[PDB]
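[1] Need coordinates for the below:
(10 chains, ligands or ions: 26)
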Amino acid sequence: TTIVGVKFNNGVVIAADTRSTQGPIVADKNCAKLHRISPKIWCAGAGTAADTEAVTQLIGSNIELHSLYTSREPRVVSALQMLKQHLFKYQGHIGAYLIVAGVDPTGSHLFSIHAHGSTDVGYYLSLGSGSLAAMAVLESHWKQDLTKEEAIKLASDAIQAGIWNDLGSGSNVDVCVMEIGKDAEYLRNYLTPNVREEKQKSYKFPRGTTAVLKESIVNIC
Amino acid sequence: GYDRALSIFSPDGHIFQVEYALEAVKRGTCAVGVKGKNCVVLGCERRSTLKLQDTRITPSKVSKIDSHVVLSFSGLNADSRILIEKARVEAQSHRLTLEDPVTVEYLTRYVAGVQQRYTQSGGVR
Amino acid sequence: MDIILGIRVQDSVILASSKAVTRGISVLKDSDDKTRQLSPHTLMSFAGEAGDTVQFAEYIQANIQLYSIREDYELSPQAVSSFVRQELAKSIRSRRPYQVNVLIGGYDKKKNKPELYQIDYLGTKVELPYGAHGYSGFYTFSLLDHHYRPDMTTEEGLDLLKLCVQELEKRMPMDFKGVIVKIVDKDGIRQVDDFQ
Amino acid sequence: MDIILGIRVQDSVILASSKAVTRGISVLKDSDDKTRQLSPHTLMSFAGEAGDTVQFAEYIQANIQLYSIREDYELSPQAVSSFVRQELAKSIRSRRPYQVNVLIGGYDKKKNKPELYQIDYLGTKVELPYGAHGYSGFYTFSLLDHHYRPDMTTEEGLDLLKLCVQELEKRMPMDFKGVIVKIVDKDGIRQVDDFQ
Amino acid sequence: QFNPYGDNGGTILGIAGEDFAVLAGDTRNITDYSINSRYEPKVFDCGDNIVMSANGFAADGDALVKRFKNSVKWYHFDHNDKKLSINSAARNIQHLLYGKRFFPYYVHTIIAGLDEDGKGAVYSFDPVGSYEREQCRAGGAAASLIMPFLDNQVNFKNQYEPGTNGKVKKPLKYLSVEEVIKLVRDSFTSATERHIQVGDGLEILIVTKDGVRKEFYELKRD
Amino acid sequence: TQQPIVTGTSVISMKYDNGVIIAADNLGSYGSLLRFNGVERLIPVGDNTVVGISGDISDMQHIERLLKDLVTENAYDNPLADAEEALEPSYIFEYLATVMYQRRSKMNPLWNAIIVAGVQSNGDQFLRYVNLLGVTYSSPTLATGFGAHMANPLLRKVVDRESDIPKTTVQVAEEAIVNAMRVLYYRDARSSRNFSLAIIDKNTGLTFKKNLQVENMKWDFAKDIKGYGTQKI
Amino acid sequence: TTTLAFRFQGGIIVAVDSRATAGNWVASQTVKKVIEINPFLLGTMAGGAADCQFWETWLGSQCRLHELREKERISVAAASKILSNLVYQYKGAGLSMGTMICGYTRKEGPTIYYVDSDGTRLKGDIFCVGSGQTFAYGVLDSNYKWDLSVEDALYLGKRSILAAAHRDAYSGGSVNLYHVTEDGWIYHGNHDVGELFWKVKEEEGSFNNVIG
Amino acid sequence: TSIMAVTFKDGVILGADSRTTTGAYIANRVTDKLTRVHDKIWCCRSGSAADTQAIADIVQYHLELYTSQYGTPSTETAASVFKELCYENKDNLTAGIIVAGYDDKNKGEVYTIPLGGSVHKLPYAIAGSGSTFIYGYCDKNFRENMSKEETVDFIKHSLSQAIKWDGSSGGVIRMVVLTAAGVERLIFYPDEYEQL
Amino acid sequence: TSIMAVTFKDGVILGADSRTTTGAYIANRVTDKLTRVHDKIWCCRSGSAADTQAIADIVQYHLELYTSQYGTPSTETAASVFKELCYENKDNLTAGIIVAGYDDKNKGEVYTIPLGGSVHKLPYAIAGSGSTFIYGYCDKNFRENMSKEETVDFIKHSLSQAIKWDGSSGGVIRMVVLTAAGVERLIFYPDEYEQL
Amino acid sequence: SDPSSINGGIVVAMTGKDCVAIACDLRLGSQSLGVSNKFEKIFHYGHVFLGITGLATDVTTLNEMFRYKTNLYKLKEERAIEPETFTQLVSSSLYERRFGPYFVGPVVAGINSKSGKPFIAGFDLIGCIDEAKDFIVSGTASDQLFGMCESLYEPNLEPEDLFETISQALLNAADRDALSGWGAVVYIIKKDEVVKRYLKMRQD
Ligand SMILES: [Mg+2]
Ligand SMILES: [Mg+2]
Ligand SMILES: [Mg+2]
Ligand SMILES: [Mg+2]
Ligand SMILES: [Mg+2]
Ligand SMILES: [Mg+2]
Ligand SMILES: [Mg+2]
Ligand SMILES: [Mg+2]
Ligand SMILES: [Mg+2]
Ligand SMILES: [Mg+2]
Ligand SMILES: [Mg+2]
Ligand SMILES: [Mg+2]
Ligand SMILES: [Mg+2]
Ligand SMILES: [Mg+2]
Ligand SMILES: [Mg+2]
Ligand SMILES: [Mg+2]
Ligand SMILES: [Mg+2]
Ligand SMILES: [Mg+2]
Ligand SMILES: [Mg+2]
Ligand SMILES: [Mg+2]
Ligand SMILES: [Mg+2]
Ligand SMILES: [Mg+2]
Ligand SMILES: [Mg+2]
Ligand SMILES: [Mg+2]
Ligand SMILES: [Mg+2]
Ligand SMILES: [Mg+2]
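    Numbering: from 1, shown residues only, chains lettered A, B, ... in the order given. Ligands and ions are numbered 1, 2, ... in the order given. Here you go:
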């Protein structure tokens, strides 16, 4: 898994590959790893994938509720605090590693969170098996005061580093862009460099090819 | 360390140390064997140059190798003992690994091979 | 372990030895003889780890056979047992030790006595009127201590043994598939043609 | 483990269950019944770790008895077996799991069929024509696979079983001291007077 | 504590045609989640019309290939430049492997060529040198993904003649080298998709009475 | 050696149109103590080969001595030591890979990962890797240690394939390598600012550059990082 | 794996499955688990594949040398003992094998020796070895008669492996059959257990529980 | 990490490196290990990041509440609260904290709470992996009642060395100056401090 | 232990503490860890006492023999010999040695052979447990071509700190001065150096 | 020792055009020992199908449990549950046991009765939604299934062609797994109807 986060001058963007693996097997070639915590706060996860789903759903929910209570747009720092306090409580047994980014009324934000409950703030971040490939790219090209279109290009290139050079990643590139003015823009499969070639042959069988002992109609009703 | 070649060829093609060995046999007491329909008999002579001989303890000239094979000889007596020990050991070992006693042929073939080795190795006569 | 018993009566020595050989989950065979005759009046029974037991016995056997041929004479049962003990006592500090226990029953033609020797895999040897290896002693010694008399006939010896095997059939978790029994007397070695 | 067999013929279910109880080195008893009747037409046999087996059975028993009294009715063998499975499945994630395996043979008065259920200590249940626990299957399934017909009489069932117990006596390292056999049929539960 | 083994794998596949044989492998060499090379070939021609591959731990595989070639060369010196028959090569390789029975070569080895009637042949070995003439065999990482496919599309396993309800088994045919090569490329594109250690490149060596011929195909690079 | 003590980190390298470039920092670390700063891990052999080494330094120094002595022995009864029968890269490599596999196979490894870079007398680029297990491979780029993880990704953006090697100049290749060293400086806790870099060009021959420093670093942005979450000052 | 061999009036029957497994993965369904030591002597493969195949082939070399030297067919006693003796020299090194050495000589008649890497060597009339072992024994134990016709002996051997292939997950593929006579062994073919199963069920009535 | 706090005439300064490692990978090269728990009470964090962030977050909470109720807390009170968390939870924390602050009654104060939760008040304190390398230098160069500029230098030089030698320390040097005047953050980059 | 060697204009000086510990017990408070291997080649020992004494004993032997045959050996040659022993026997040695000596061609030279047997020539070197505490101080205070009196001070102060902080270092400070002039031993006691 | 490998078994599901298919082996094992050939691993709750591989006690328990919950669901919503929703249910129910879980690999198949879409999904043992239009696999031969499937599958198969494909995919995979086989069953599911077939296979 390769996920990254890059700030730009009017907001923030995150990106992620689309491969997910069980050991050396690829279980899903197009898994979406970009999770919503609330409309303008998104999240990407690495680690145990049941833990990152569970914990983004749970905090998403407490956030929504807290937002309704307070009649206020939800803040990233609240997602941050709620996440970290829960991860810390479970001493790292919840294997969730996240990059969370978003815009709230206080401006635009980018944080990472480790399973044990430590957090980092930064202008650019990566995580996952593809983390080091991605960071090499960010360390090479990041400059201050990126335009939006540069930040997407950069974040997209960073994930590509992971796809190619890391076996843990990837297939396609997903992106979410959160600009301070606007609706959050989520670009499922922004980039799809990895299409299977047509096979040499069709493996459709002649019908009746398979041996059978019984038919039943089954009862739905 | 001593591997001097003692059994070597002389120019007429003979191996004197082996031929000289036969001379020792010719000097040894006569032994003889003859086979029946279904016995074999081995007979040997004693010297009579001395006759305060304790005949019950003094080594016999015929030896058991296994319970079904005997061996007799002429020539150096001390040397005979070494062939016999090796043969007796081979017989017991043969039972052990093949679960049968030796054929007479096999046991002969073994002893001959020992004798032969000693005509072709350094340090030995 | 398998069952290895022996008893020395007045005029002979009786060796009783379990018939089963089992490899893990299956009983491979129910008719195995855990003895070798070492010389016409000397018998060795044995038990312990697989392979080792037979290899050791067949090696002792060939050595005693070699001795007999060489000297045209049969070693006394005491001598055989000392030879065997020494071999086991070398095995123990060796790179891979023979894990084998034995009993040696012999009739000593020179003294006209039967003799029983018990030797474990460490080389611990002892002459006894009756013995056993492993857990076999635990079931049977109670009975032997009680019933044994040095003047027993062979028939009495075999009765006393029948009782021991019954106690083992009753109280012992393993099915050892009966025993083979042999007698060593002044006329040599023979096998009791049936027992349960 | 001990021996736990069962077979469902045409009109009944036969349970065969080893008599030995052994504690380490001694066989403590050779006449132990590894069954409890749960209701007049439902029989449970069992095996596994000491104490646990009985405690568990006697607890299942009392529960089914309670049910019968309360409803003045006898639960189907299927229901009993689902109840038992659920109890075992709770045991596994418990602080100390019951290590017990069971077979439940019942005659289902409402459908007039015999039924056999096999359930291991994990709560793995399955309805079968014949079954066993532990290693018992390994020796006997070959024979059952071959000889079993669903239309067998009780007598045929008992023959087929006799053959299975012979195979076990032959190939199995342990002396399990024979079996007790019970039959569950439309008239209830009885014990075969002798398995000679 | 020093561990003297590693895993670079690696997937290889060998199929015996009826007058030919192929042996193929990806060209990608890995360590953990890293790529070391996207082109580091692992199928070799060793002459006497014999191709070999030793997949697994790359160092042990290289050592073994070296040794075998050197065995071929010495067979020549020692037996009057005689040609080394595939069955003899196999025996010889059992001996090399079993030579290291107590510190094994950590590889799955396959060889291909023509038996002494010009029929296609493939032999496969375990790491301590048990071995088997075989009509087709995959090796390494994605072998579990490929053999079922071949069971099906080469042997027509579980396939029957429509319409009889599995009473008549679908009959077997001989496969053109072209046909076999499609199944090879399809096995590998499938494996590449679903196994992370497979990708980059596919190299195939084809053995016919007329010698050894190589063929290469791009594979996906994630 | 059964456990490495003083250690060198990543060696990195790539090949370009006419030669190869290789580089390595000048540090010997002792766990997390950055102990020795003046450590050359590029070892030139003749005028057509540079061997770069990471891992245990005592073993590196042993390998240096073997290389000196290979040069010395190749000269013996060899009128063409300075000509047709000098050492090639391919030879030095085979020798090292032999030794490594052998030491591994006696459970007593040389605790290193090595990259041999050079130009073959016939003009060809040489770049191969071997390590403590005896494992070997070639690629248009190669790196040990961290470099495998961060440098390769960047250098492969320049030479993704074989076909790109002709297209890649020595200015481009060199700038790529220098940038990688800067990246590793930023992110490898076992690395040093100072390094050495060497070029082997089939026309200019061996250019060896000591005493470089990572320059053009970006840190300014660090002044705006406050706290770890919610602190503003 | 399941392997067996037994003695009867007509010589020896040997029967084995052909499945090889690595964990759950079935590496092959076509392993020759009978080693043809030479045309008069058979071995079976259980435990280590290599260990059996390598050392039993070597045994073939030793038996040949014996015949050149002694001008006489080697006894099965002697052949088995060579292999057990070798194996015992390696005891503790982790060889793994369980094998039957089968032959039929004039002097001994049909004889079977079980040999394993423990050192054990045992003369007997019936043996099965492998994870399918207990299954095979059942069938054989309840049908074996000394005076089975050769045709029935072959069937019994085949049916005993089938039993094991069915229940044991680690056994299957196909059965291989051999008949060992004084003039040597005769191969009696390879039988897919897929097709054989169904055929036997139908022809014999057995395997009632399986839906066919 | 390398961290210190130093009292001087006008108050107190805290410094730290800015590197966070997971083994040899530098997870974050611009960390802020200077953490505010009240306006003029700050701390330096070393040990586990999760543990020290979580602790600091709680202390801040307690002092926010203290303040609401009893006014501004003493630097000593803040050290008490850190200590109480660290001592009472020693079995699951890996946190080494220096606390520093300024008030008018006491000017600058520095307390250090190493592992285990003992507390120690000092004129200056150093900590983190990098500290071991500069015990000598600091004991040799610290004097009481330095000026601000002297003290910024003492820190800058102490940490430039700790960084030089310790692989787990590096990046920029941050400081925070605490005096009557207010609160000054400082930063020094590699090209400055490497060259000293 | 704390040990160092320093080159200066007129040659080179070695210094060391004089404490040897077995756990917390100070086995010997007046150890001589400065050890002569040739007239003007000495070493500093750290690590195992048995190992470093036994090695130094052997090197001395080699150089006595070198001398007998080829005249006086180079400091470099002596370091080669230490290295060869330490490298080639790394699996069962724990020795950290600094070698230092003087000749006229080269004045002072210092080579350090840490664990593992790598060798490193340097202007100065420090080692032993105490050394970690003074990396900062020494990097900050060493300059090349100091006078003798300066260099004795640089050593005295470096080691006074190493001692202050390291519990496995203490006692007197010994030095050995190596120049064209000859060989001077120095000693400094607690009352001098603690007070610096 | 591994709970997901004691009893063995596999399940695979794939989609075609306006239909979905789902299939399992029939083997209950206990290590090497075959125990039953009538252990179906496919259950249904209304028109939603659930395959479960892994530890059999848990297969059973989970089924008993989802029957219970989909019962209560129907009673309150007054309508049968749809697959998208069931999936979430399965997922949340497994994650309740995060630190002590059920040792299973579930697979969901069905057609949404409102939208008409074919739908399938799978999960790890603690309940992460592995969601994929094409196909899903689970069990002791999941590797071999991934292989068959990646080669055999093509999108939009008509129901009678999908049957042929999923059947082949299953059988040839089980044949390379020791711990699967002993029979097999396949459900083909269309919006208004469902046909269930038993397959002929080898028994070893
Ligand atoms: Mg998803
Ligand atoms: Mg002998
Ligand atoms: Mg000689
Ligand atoms: Mg005594
Ligand atoms: Mg017992
Ligand atoms: Mg439950
Ligand atoms: Mg469990
Ligand atoms: Mg490994
Ligand atoms: Mg050879
Ligand atoms: Mg690309
Ligand atoms: Mg290394
Ligand atoms: Mg040379
Ligand atoms: Mg060499
Ligand atoms: Mg900047
Ligand atoms: Mg040996
Ligand atoms: Mg078993
Ligand atoms: Mg700490
Ligand atoms: Mg706490
Ligand atoms: Mg720290
Ligand atoms: Mg030391
Ligand atoms: Mg030197
Ligand atoms: Mg020494
Ligand atoms: Mg050491
Ligand atoms: Mg519930
Ligand atoms: Mg309602
Ligand atoms: Mg829980």
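[2] Got phi/psi on residue 146?
    No chain specified, so I'll use chain A. Residue A:146 adopts backbone torsions of phi -70, psi 140, taken as degrees, to the nearest 10.
[3] let's do chain H instead
    phi -80, psi 170.
[4] Counting neighbours, what do you get for it?
    As a burial measure, residue H:146 scores 19 neighbours (other CB atoms under 10 Å in any protein chain shown). For every residue, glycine as well, the C-beta is placed using N, CA and C.
[5] same check, this time on the one 3 residues further on
    For residue H:149, the count of nearby residues is 9 (other CB under 10 Å).
[6] helix or strand for it, which one?
    In this structure, residue H:149 is located in helix H:148-165 according to DSSP states H and E.
[7] Count residues in the vicinity of the residue of chain F found nearest ligand 26, would you?
    Here the residue of chain F nearest ligand 26 is residue F:229; by CB to the ion that distance is 28.2 Å. Residue F:229: 21 surrounding residues under other CB under 10 Å.
[8] Strands of the chain, start to end?
    Picked chain A for this. Under the criterion DSSP state E, chain A carries strands at the ranges A:3-8, A:11-16, A:20-22, A:25-28, A:34-38, A:41-47, A:96-104, A:107-113, A:119-121, A:124-127, A:173-179, A:185-191, A:212-217.
[9] Please refer instead to chain H.
    Going by DSSP E, chain H shows strands at H:3-8, H:11-16, H:20-22, H:25-28, H:34-38, H:41-47, H:95-103, H:107-113, H:120-122, H:124-127, H:173-179, H:182-188.
[10] quick one: which of these is nearest chain A?
    For chain A, the closest of the strands of chain H is strand H:25-28, at 5.1 Å, according to CB to the nearest CB.
[11] can you give me the helices in chain C?
    Assignment of helices within chain C using DSSP state H yields the ranges C:52-71, C:77-92, C:136-147, C:154-171.
[12] Could you dump those into CSV and include mean neighbour count?
    Formatted as CSV, the helices of chain C follow (neighbours: other CB atoms under 10 Å in any protein chain shown):
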stretch, mean neighbour count
helix C:52-71, 19
helix C:77-92, 18
helix C:136-147, 16
helix C:154-171, 17
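[13] Generate TSV for the ones you listed, with distance to residue I:169 as supplementary columns.
    Output for the helices of chain C, formatted as TSV (distance: least, CB to CB, whole Å):
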stretch	distance to residue I:169
helix C:52-71	59
helix C:77-92	51
helix C:136-147	64
helix C:154-171	71
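[14] Chain I is nearest to which of the ones you listed?
    That would be helix C:77-92 among the helices of chain C, by CB to the nearest CB, at 30.4 Å.
[15] List of residues touching that closest one?
    Helix C:77-92 is touched from outside by C:38-39, C:41-42, C:44, C:56, C:60, C:63-64, C:75, C:97-98, C:100, C:102, C:104-108, C:115, C:117, C:119-123, C:125, C:127, with contacts defined as CB atoms under 8 Å, 6 or more residues apart in numbering or on different chains.
[16] Who are the packing partners of the helix holding residue H:149?
    Applying 3 or more CB pairs under 8 Å, 6 or more residues apart in numbering or on different chains; DSSP states H and E, one finds that helix H:148-165 contacts strand F:33-36, strand H:3-8, strand H:11-16, helix H:135-141, strand H:173-179, helix H:190-193, helix I:135-141.
[17] So what angle separates the directions of it and strand H:107-113?
    20 degrees (axes from the mean of the first three to the mean of the last three CA atoms, to 10 degrees).
[18] Pull out the buried residues from helix H:148-165.
    By neighbour count with 16 or more other CB atoms under 10 Å in any protein chain shown, helix H:148-165 contains the buried residues H:148, H:151-152, H:154-165.
[19] Number of residues surrounding the closest residue to residue G:70 other than its chain neighbours?
    Counting by CB to CB, 6 or more residues apart in numbering or on different chains, residue B:106 is the residue found nearest to residue G:70 once chain neighbours are left out, at 7.1 Å. Each residue near residue B:106 was counted by other CB under 10 Å, and the total is 18.
[20] same question, residue B:40
    10.
[21] go on, the one 3 residues further on?
    As a burial measure, the neighbour count of residue B:43 was computed by other CB under 10 Å and equals 12.
[22] Helix or strand: which one has it?
    Assigned by DSSP H and E, residue B:43 falls in strand B:40-44.
[23] Just checking: what are the partner strands of that strand?
    Looking at strand B:40-44 with DSSP bridges, its partner strands are strand B:31-35 (antiparallel).
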